[PDB]
Amino acid sequence: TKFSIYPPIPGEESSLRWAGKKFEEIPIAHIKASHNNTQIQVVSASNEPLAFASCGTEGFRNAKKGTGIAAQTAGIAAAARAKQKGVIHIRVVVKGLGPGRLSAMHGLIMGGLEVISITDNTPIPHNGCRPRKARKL
Amino acid sequence: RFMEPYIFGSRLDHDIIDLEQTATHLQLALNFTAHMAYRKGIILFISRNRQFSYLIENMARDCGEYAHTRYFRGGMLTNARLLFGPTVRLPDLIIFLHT
Amino acid sequence: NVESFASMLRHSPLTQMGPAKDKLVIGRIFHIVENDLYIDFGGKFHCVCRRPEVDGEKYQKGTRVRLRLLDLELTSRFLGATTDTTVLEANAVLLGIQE
Amino acid sequence: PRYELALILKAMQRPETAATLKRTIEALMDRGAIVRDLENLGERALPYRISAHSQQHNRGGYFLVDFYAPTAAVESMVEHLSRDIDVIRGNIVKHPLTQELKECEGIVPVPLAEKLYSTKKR
Amino acid sequence: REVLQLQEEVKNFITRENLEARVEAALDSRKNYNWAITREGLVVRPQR
Amino acid sequence: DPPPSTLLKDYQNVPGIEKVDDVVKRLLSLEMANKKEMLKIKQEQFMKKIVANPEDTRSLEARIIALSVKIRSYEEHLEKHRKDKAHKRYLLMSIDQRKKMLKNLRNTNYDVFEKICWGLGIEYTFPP
Amino acid sequence: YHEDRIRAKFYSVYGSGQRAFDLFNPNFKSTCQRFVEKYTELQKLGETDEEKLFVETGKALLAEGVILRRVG
Amino acid sequence: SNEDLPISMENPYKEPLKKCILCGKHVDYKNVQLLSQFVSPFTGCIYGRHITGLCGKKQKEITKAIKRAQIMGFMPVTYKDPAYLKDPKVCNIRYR
Amino acid sequence: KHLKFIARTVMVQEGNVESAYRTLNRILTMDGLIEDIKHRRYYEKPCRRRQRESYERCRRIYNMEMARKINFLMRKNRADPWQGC
Amino acid sequence: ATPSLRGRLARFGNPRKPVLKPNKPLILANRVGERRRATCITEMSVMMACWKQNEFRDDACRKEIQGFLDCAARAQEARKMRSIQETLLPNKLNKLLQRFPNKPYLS
RNA sequence: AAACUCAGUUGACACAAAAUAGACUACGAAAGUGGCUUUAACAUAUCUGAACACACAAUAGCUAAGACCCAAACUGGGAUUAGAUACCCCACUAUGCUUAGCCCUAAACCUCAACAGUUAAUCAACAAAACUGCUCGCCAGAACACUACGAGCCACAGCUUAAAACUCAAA
Ligand code: FES
Ligand SMILES: [Mg+2]
Ligand SMILES: [Mg+2]
Ligand SMILES: [Mg+2]
Ligand SMILES: [Mg+2]
Ligand SMILES: [Mg+2]
Ligand SMILES: [Mg+2]
Ligand SMILES: [Mg+2]
Ligand SMILES: [Mg+2]
């Protein structure tokens, strides 16, 4: 076989495994990188919450939350919690272009957890709601 | 646009100059050049094609007439009296090897 | 019986050739500047190819080489240009030395 | 005119599926359709979860009913399909084969636009 | 020709009589409209 | 409106068209066609009933008859889509065009104009 | 020129060839030009079918010894 | 008079006009396999003609067919169907 | 309502999350999602949207024409073959 | 294939309304725009975390401090080599364009 | 800062708005029209032709009844400020939506009228090269003036038409 960047298809017979598990069963680390806060939540393959960590819960307040350093800190905390909950390999789904988008992943990894996949689930309306008006400064 | 009358036709988007008109015009031009040379006029060969600058210079020198294949400083003809001197004699004929 | 321009053009090798694209011609290196080989193939312009890294020294002035032509003249019209911009050189691929 | 009804039916067994197809073609013939052909594209997983008649569906059977009907019958057929519960999703379209494949000689290229600006020197 | 061709086909149209049988035949069959294309403009039908 | 059983203009002359299956007849009838076919049938019927030369369509008479069929179609349409401003404009413009055509016809060939008016139920009213 | 039709057909059917053009020689004759000459004389014989003329010209050149390779 | 003069004819040397890959073929909303060749594998985004290489008419046909299939339930929207990821690539796009 | 972990999903090779993220961001940029989100943050009134679209179209036309000219003339960056004369 | 400009600008003989309204004329200029203008923070963060957990005693953070210093030296070397290498250039490109300039008028 | 204890995952779920396609330039008379399906449907074998009528006319706005995710004049609060009746942040309303009427205004601008034709001897400047024929509408210093009066209008702080007096040598 050869390496493919696409994920394995559920219901298809694939050879890839992680910790003796199939891709579908790997726990999911939902990152949410808002403009001024980066939240992280590691749920099991059955949406069972395992760990939580946010810039605010890490002690950062006000603008300091929206910093890659704060994202790294929150990711490290979440990774430690998940590691003590028994999580090795994770699938990462991040929804938001906030400053913590990548530093959160870096913190999560530095906390020990390995990442098998990165998923972007940023909400992109197909012209649904009307966002707030522009800013003139 | 002005070269159309002398263009015989476009072969695969490549103009073919009407060599009949070329022959007649070259006859007239050579006749004029020879007449000026006989009348002892000054014949100046102008051409900025660097690929033939050397050839034009050598040809002019061997034929005994003048050549300007270099950068044409502004005023070589209009301001000649100042640039050279009030008594300078301007060319009686200018021959462009590359217009 | 004096052949006229029409007959000369009709029987000329260039006219006998069709579109120059993908046509093999025999050029004659008439100038070399370092690793650049200026080759004349009978057309209006010359093609400046590169000395092949293999058998490079074998290429010298007067060397007869084989070219695969891609355009007799390299020209194109760019945005806003009232006339075509030309690089005044043909495009060809240097295949090797003819013997 | 010639219509094609693409029909995503609830995933079920052959007896119920045949009964549903029979009922649907019966409704067509009642509204005044001359059913021309029935084709089974086969059961497959719905590309996305579809919730029809208080039931979330992930697999369904796809069927194509090519028929001829009066124009006024299309709306009634759509309403009846909406009423029917075994239909996860029905859609009536004008048959593609009624349209004619215009012959395309080639992609004639658009040359660079000329004379957009006056040739005066700027 | 068009009316002639249509005449032939109408023999195969599903009526209120041959409805059960045609429905069962449809359930048995499988029609494939899927086929990809290649850069050289050559169809790639799936294998069955 | 012509009977729904009526065949289309491209099939009413096909040899043996009456010796075919009633399924084929229903398919080729107006019962399985859009409103344009019915309008074409109405146009040809009016032409046969009125114009001396039905095969001539460039005539002002054929133009007026076709435009009257279109006016009928637009009026029927607006009767349901009362709030279709575009088609209301089309109806008014077509009425104006038919009035202009009738003016020209009345000025050129009076007898034909009278026959057109009677056939299409149009009452020519001089503009105020 | 009327020979342009034959030239285009020959290039489409056999490609450029392997005998490179020598534009320096005014009297040079390309394989395509020889084909055109043979086609012209065959036409002057009074054979009007274009495709029959083409095949006959190809075979005549093959008999001459010209290796006309078809492109596909 | 003179037979060596040029004659007035079309350009016999013209190359055939390139035909889009789908030229002469029927794009159908039911051929999800074909329709999925012109959608981003990751996001489901329909490729522009600068990438597909299709004529304007066929690009419009593909767009309408893709939208029709997506709304009628034949084709996924947010992503290309995985079953078609290994079909012959016909899009001049390089994500790596 | 679609299946999860098939859209905008990339598999890291050997664990180089930085490389995987670079590839994912390339995907998003080439698909235009990044620009779409940045623009959708605040509502771009339709007149402004049209003006920006027209401006970008003109800028692309100019850039592509300039690139064509640069490529066409790049073959003339050689050394001067008639140095002096 | 550059986007078409046929029928895109508001011009006489163009029935449709303008598609593009270029602020500046669409004529290639004879010049290209001038080239437009932290490093090694992972090692710094590692060293600073070691300092924080060890009371900044450099005695028990020697490997991290040395890595930080060497990384900074390599950053300086990268800056220098990049600068010298950067020194196609806009200047060269403008010279070539000048050699073959645009002609939006008639000669 | 204020504001909320609502936040995250998964599932169910609109009378809101319609990513990518679109690097396309099409439809319509203009305003406008870019999710999908269907029905109807896009006037004139000659061109011009409304202050002289008919039918349309984005956004805003009034009337009466519904929907209300989000956005949001006004309003309130938090900031900033010398002040802040603003710009920045939060909440919320009319409103944007559907139905039935009204209203009939836009930088309604491609500021380039319709039709037919030419590229020849150019052309104040800039802009989107210069003109020919024909027709309709419009213009005749600036400001007073999208004004007052009169008139018409479902309009009642409105719209259309629209002057004059004083003033200036400019605009
Ligand atoms: S290339 Fe022929 S239809 Fe597009
Ligand atoms: Mg008129
Ligand atoms: Mg008017
Ligand atoms: Mg209005
Ligand atoms: Mg409200
Ligand atoms: Mg407007
Ligand atoms: Mg006003
Ligand atoms: Mg007023
Ligand atoms: Mg009043």
# chains A, B, ... in the order shown; residues from 1 in each chain; ligands from 1
>>> residues_near_ligand(ligand="ligand 9", cutoff="8 Å", atoms="only C-alpha atoms (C1' of nucleotides) and all ligand atoms", output="number ranges by chain")
K: 148-150
>>> write_last_selection(atoms="N, CA and C atoms (P, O5', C5', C4', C3', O3' and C1' of nucleotides)", output="PDB file, in the first residue's frame")
ATOM      1  P     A K 148     -41.513  75.302  -0.670  1.00  0.00           P
ATOM      2  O5'   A K 148     -41.945  76.767  -1.108  1.00  0.00           O
ATOM      3  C5'   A K 148     -41.941  77.840  -0.180  1.00  0.00           C
ATOM      4  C4'   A K 148     -42.789  78.983  -0.674  1.00  0.00           C
ATOM      5  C3'   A K 148     -44.150  78.592  -1.219  1.00  0.00           C
ATOM      6  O3'   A K 148     -45.124  78.438  -0.213  1.00  0.00           O
ATOM      7  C1'   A K 148     -43.077  79.985  -2.771  1.00  0.00           C
ATOM      8  P     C K 149     -46.501  77.699  -0.556  1.00  0.00           P
ATOM      9  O5'   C K 149     -47.058  78.495  -1.815  1.00  0.00           O
ATOM     10  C5'   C K 149     -47.720  79.738  -1.657  1.00  0.00           C
ATOM     11  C4'   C K 149     -48.140  80.313  -2.984  1.00  0.00           C
ATOM     12  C3'   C K 149     -49.137  79.492  -3.776  1.00  0.00           C
ATOM     13  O3'   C K 149     -50.464  79.642  -3.317  1.00  0.00           O
ATOM     14  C1'   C K 149     -47.403  80.192  -5.203  1.00  0.00           C
ATOM     15  P     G K 150     -51.462  78.391  -3.364  1.00  0.00           P
ATOM     16  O5'   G K 150     -51.636  78.117  -4.918  1.00  0.00           O
ATOM     17  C5'   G K 150     -52.229  79.089  -5.762  1.00  0.00           C
ATOM     18  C4'   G K 150     -52.307  78.606  -7.185  1.00  0.00           C
ATOM     19  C3'   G K 150     -52.777  77.176  -7.370  1.00  0.00           C
ATOM     20  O3'   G K 150     -54.180  77.031  -7.287  1.00  0.00           O
ATOM     21  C1'   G K 150     -50.848  77.522  -8.661  1.00  0.00           C
TER      22        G K 150
END
>>> select_by_dssp(residues="chain A", states="strand (DSSP E or B)", output="PyMOL selection string")
chain A and resi 18+21+28-34+37-43+49-54+89-94+114-120+133
>>> residues_near_ligand(ligand="ligand 4", cutoff="8 Å", atoms="only C-alpha atoms (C1' of nucleotides) and all ligand atoms", output="ChimeraX atom specification")
/K:57-58,103-104
>>> write_last_selection(atoms="C-alpha atoms (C1' of nucleotides)", output="PDB file, in the first residue's frame")
ATOM      1  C1'   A K  57     -40.221  51.414 -11.083  1.00  0.00           C
ATOM      2  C1'   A K  58     -34.320  49.070  -6.094  1.00  0.00           C
ATOM      3  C1'   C K 103     -46.082  55.420  -1.631  1.00  0.00           C
ATOM      4  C1'   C K 104     -43.691  56.488  -7.068  1.00  0.00           C
TER       5        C K 104
END
>>> interface_residues(of="chain D", to="chain J", cutoff="12 Å", atoms="only C-alpha atoms", output="PyMOL selection string")
chain D and resi 109-122
>>> residues_near_ligand(ligand="ligand 3", cutoff="10 Å", atoms="only C-alpha atoms (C1' of nucleotides) and all ligand atoms", output="VMD selection string")
chain K and resid 49 to 51 137
>>> write_last_selection(atoms="C-alpha atoms (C1' of nucleotides)", output="PDB file, in the first residue's frame")
ATOM      1  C1'   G K  49     -42.971  58.613 -31.005  1.00  0.00           C
ATOM      2  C1'   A K  50     -45.538  61.227 -24.205  1.00  0.00           C
ATOM      3  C1'   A K  51     -45.845  67.290 -18.779  1.00  0.00           C
ATOM      4  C1'   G K 137     -36.839  64.914 -25.130  1.00  0.00           C
TER       5        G K 137
END
>>> residues_near_ligand(ligand="ligand 1", cutoff="9 Å", atoms="only C-alpha atoms (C1' of nucleotides) and all ligand atoms", output="MDAnalysis selection string")
(chainID D and resid 102:108) or (chainID H and resid 17:25 53:59)
>>> closest_atom_pairs(of="chain I", to="chain B", cutoff="10 Å", atoms="only C-alpha atoms", output="CSV")
residue,atom,partner,partner_atom,distance
I:81,CA,B:51,CA,8.3
I:82,CA,B:51,CA,6.2
I:83,CA,B:50,CA,8.6
I:84,CA,B:50,CA,8.6
I:85,CA,B:50,CA,5.6
>>> write_last_selection(atoms="N, CA, C and O atoms", output="tab-separated table (two decimals), in the first residue's frame")
chain	number	residue	atom	x	y	z
I	81	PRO	N	24.63	39.81	-26.67
I	81	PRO	CA	25.47	39.12	-27.66
I	81	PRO	C	26.27	40.04	-28.55
I	81	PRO	O	27.14	39.56	-29.28
I	82	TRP	N	25.99	41.34	-28.54
I	82	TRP	CA	26.71	42.31	-29.36
I	82	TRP	C	27.36	43.36	-28.48
I	82	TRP	O	27.34	44.55	-28.78
I	83	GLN	N	27.96	42.92	-27.37
I	83	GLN	CA	28.56	43.85	-26.43
I	83	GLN	C	29.49	44.80	-27.16
I	83	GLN	O	30.26	44.40	-28.04
I	84	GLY	N	29.41	46.08	-26.81
I	84	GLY	CA	30.19	47.10	-27.47
I	84	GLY	C	29.47	47.69	-28.66
I	84	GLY	O	29.01	48.84	-28.61
I	85	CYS	N	29.35	46.92	-29.74
I	85	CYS	CA	28.67	47.39	-30.94
I	85	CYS	C	27.18	47.07	-30.86
I	85	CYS	O	26.49	47.02	-31.88
>>> select_by_dssp(residues="chain G", states="alpha helix (DSSP H)", output="ChimeraX atom specification")
/G:3-14,31-45,50-64
>>> interface_residues(of="chain I", to="chain J", cutoff="7 Å", atoms="only C-alpha atoms", output="ChimeraX atom specification")
/I:54-55,58,61-62,64-66,77
>>> write_last_selection(atoms="C-alpha atoms", output="compact mmCIF listing (two decimals), in the first residue's frame")
# COMPACT_ATOMS: atom_id res chain seq x y z
CA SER I 54 -14.88 43.67 -10.09
CA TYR I 55 -11.64 44.99 -8.61
CA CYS I 58 -9.42 43.45 -13.05
CA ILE I 61 -6.55 40.16 -15.58
CA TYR I 62 -3.67 42.60 -15.15
CA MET I 64 -2.10 37.30 -15.66
CA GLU I 65 -1.25 39.57 -18.59
CA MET I 66 1.85 40.81 -16.78
CA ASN I 77 17.48 37.99 -20.12
>>> residues_near_ligand(ligand="ligand 8", cutoff="9 Å", atoms="only C-alpha atoms (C1' of nucleotides) and all ligand atoms", output="ChimeraX atom specification")
/K:146-147,158-160,162
>>> interface_residues(of="chain I", to="chain H", cutoff="7 Å", atoms="only C-alpha atoms", output="list in words")
residues 6, 7, 8, 9, 23, 26, 27 and 31 of chain I
>>> interface_residues(of="chain J", to="chain A", cutoff="12 Å", atoms="only C-alpha atoms", output="PyMOL selection string")
chain J and resi 41-42+45-46+49
>>> write_last_selection(atoms="N, CA, C and O atoms", output="short mmCIF file (atom, residue, chain, number, x, y, z; two decimals), in the first residue's frame")
data_model
loop_
_atom_site.label_atom_id
_atom_site.label_comp_id
_atom_site.auth_asym_id
_atom_site.auth_seq_id
_atom_site.Cartn_x
_atom_site.Cartn_y
_atom_site.Cartn_z
N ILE J 41 10.93 30.17 18.49
CA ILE J 41 10.26 30.37 19.77
C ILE J 41 9.99 29.06 20.50
O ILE J 41 9.75 29.09 21.72
N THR J 42 10.04 27.92 19.81
CA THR J 42 9.85 26.64 20.49
C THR J 42 10.97 26.39 21.50
O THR J 42 10.71 26.02 22.65
N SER J 45 10.57 28.72 24.43
CA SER J 45 9.52 28.29 25.34
C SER J 45 9.98 27.11 26.18
O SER J 45 9.68 27.03 27.38
N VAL J 46 10.69 26.16 25.57
CA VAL J 46 11.21 25.02 26.32
C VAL J 46 12.12 25.50 27.44
O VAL J 46 11.97 25.11 28.60
N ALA J 49 10.13 27.33 30.20
CA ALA J 49 9.39 26.40 31.04
C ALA J 49 10.32 25.68 32.00
O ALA J 49 9.99 25.49 33.18
#
>>> atom_distance(atom1="CA of residue 21 in chain D", atom2="CA of residue 23 in chain E")
6.8 Å
>>> residues_near_ligand(ligand="ligand 6", cutoff="9 Å", atoms="only C-alpha atoms (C1' of nucleotides) and all ligand atoms", output="PyMOL selection string")
chain K and resi 31-32+58+106-109
>>> residues_around(residues="range 3-10 of chain B", least_positions_apart="5", cutoff="12 Å", atoms="only C-alpha atoms (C1' of nucleotides)", output="PyMOL selection string")
(chain B and resi 15-25) or (chain C and resi 5-6+9+15) or (chain H and resi 5-8+11)
>>> write_last_selection(atoms="N, CA and C atoms", output="PDB file, in the first residue's frame")
ATOM      1  N   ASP B  15       4.122  38.367 -43.179  1.00  0.00           N
ATOM      2  CA  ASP B  15       4.012  39.257 -44.320  1.00  0.00           C
ATOM      3  C   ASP B  15       5.098  38.955 -45.340  1.00  0.00           C
ATOM      4  N   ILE B  16       4.717  38.989 -46.609  1.00  0.00           N
ATOM      5  CA  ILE B  16       5.643  38.815 -47.715  1.00  0.00           C
ATOM      6  C   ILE B  16       5.650  40.119 -48.493  1.00  0.00           C
ATOM      7  N   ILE B  17       6.779  40.819 -48.452  1.00  0.00           N
ATOM      8  CA  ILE B  17       6.894  42.107 -49.115  1.00  0.00           C
ATOM      9  C   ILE B  17       6.919  41.904 -50.620  1.00  0.00           C
ATOM     10  N   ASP B  18       6.179  42.741 -51.337  1.00  0.00           N
ATOM     11  CA  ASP B  18       6.104  42.624 -52.787  1.00  0.00           C
ATOM     12  C   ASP B  18       7.460  42.965 -53.384  1.00  0.00           C
ATOM     13  N   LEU B  19       8.186  41.942 -53.836  1.00  0.00           N
ATOM     14  CA  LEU B  19       9.529  42.173 -54.345  1.00  0.00           C
ATOM     15  C   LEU B  19       9.532  42.973 -55.636  1.00  0.00           C
ATOM     16  N   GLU B  20       8.419  43.038 -56.361  1.00  0.00           N
ATOM     17  CA  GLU B  20       8.375  43.912 -57.529  1.00  0.00           C
ATOM     18  C   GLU B  20       8.480  45.372 -57.105  1.00  0.00           C
ATOM     19  N   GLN B  21       7.651  45.773 -56.142  1.00  0.00           N
ATOM     20  CA  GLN B  21       7.768  47.110 -55.583  1.00  0.00           C
ATOM     21  C   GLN B  21       9.131  47.306 -54.943  1.00  0.00           C
ATOM     22  N   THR B  22       9.652  46.268 -54.293  1.00  0.00           N
ATOM     23  CA  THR B  22      10.984  46.375 -53.716  1.00  0.00           C
ATOM     24  C   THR B  22      12.013  46.685 -54.790  1.00  0.00           C
ATOM     25  N   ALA B  23      11.923  46.011 -55.934  1.00  0.00           N
ATOM     26  CA  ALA B  23      12.878  46.233 -57.009  1.00  0.00           C
ATOM     27  C   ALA B  23      12.785  47.657 -57.530  1.00  0.00           C
ATOM     28  N   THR B  24      11.566  48.136 -57.778  1.00  0.00           N
ATOM     29  CA  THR B  24      11.419  49.494 -58.297  1.00  0.00           C
ATOM     30  C   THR B  24      11.937  50.524 -57.298  1.00  0.00           C
ATOM     31  N   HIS B  25      11.551  50.380 -56.030  1.00  0.00           N
ATOM     32  CA  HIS B  25      11.979  51.333 -55.016  1.00  0.00           C
ATOM     33  C   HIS B  25      13.484  51.285 -54.820  1.00  0.00           C
TER      34      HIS B  25
ATOM     35  N   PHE C   5       8.062  37.222 -59.096  1.00  0.00           N
ATOM     36  CA  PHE C   5       8.018  37.078 -57.650  1.00  0.00           C
ATOM     37  C   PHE C   5       7.041  35.991 -57.238  1.00  0.00           C
ATOM     38  N   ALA C   6       5.890  35.917 -57.905  1.00  0.00           N
ATOM     39  CA  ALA C   6       4.904  34.909 -57.543  1.00  0.00           C
ATOM     40  C   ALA C   6       5.490  33.512 -57.677  1.00  0.00           C
ATOM     41  N   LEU C   9       8.212  32.833 -54.957  1.00  0.00           N
ATOM     42  CA  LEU C   9       7.605  32.551 -53.662  1.00  0.00           C
ATOM     43  C   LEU C   9       6.939  31.184 -53.659  1.00  0.00           C
ATOM     44  N   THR C  15       7.914  28.641 -48.458  1.00  0.00           N
ATOM     45  CA  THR C  15       6.532  28.459 -48.884  1.00  0.00           C
ATOM     46  C   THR C  15       6.190  26.983 -49.000  1.00  0.00           C
TER      47      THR C  15
ATOM     48  N   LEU H   5       0.027  33.120 -58.956  1.00  0.00           N
ATOM     49  CA  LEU H   5      -0.551  34.028 -57.987  1.00  0.00           C
ATOM     50  C   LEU H   5      -1.251  33.237 -56.883  1.00  0.00           C
ATOM     51  N   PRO H   6      -1.358  33.801 -55.684  1.00  0.00           N
ATOM     52  CA  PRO H   6      -2.106  33.120 -54.624  1.00  0.00           C
ATOM     53  C   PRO H   6      -3.579  33.004 -54.969  1.00  0.00           C
ATOM     54  N   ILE H   7      -4.202  31.952 -54.448  1.00  0.00           N
ATOM     55  CA  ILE H   7      -5.625  31.717 -54.634  1.00  0.00           C
ATOM     56  C   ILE H   7      -6.345  32.034 -53.332  1.00  0.00           C
ATOM     57  N   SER H   8      -7.650  32.255 -53.443  1.00  0.00           N
ATOM     58  CA  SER H   8      -8.491  32.605 -52.302  1.00  0.00           C
ATOM     59  C   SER H   8      -9.203  31.345 -51.826  1.00  0.00           C
ATOM     60  N   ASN H  11      -8.108  28.162 -44.753  1.00  0.00           N
ATOM     61  CA  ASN H  11      -6.784  27.816 -44.260  1.00  0.00           C
ATOM     62  C   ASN H  11      -6.689  26.307 -44.087  1.00  0.00           C
TER      63      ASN H  11
END
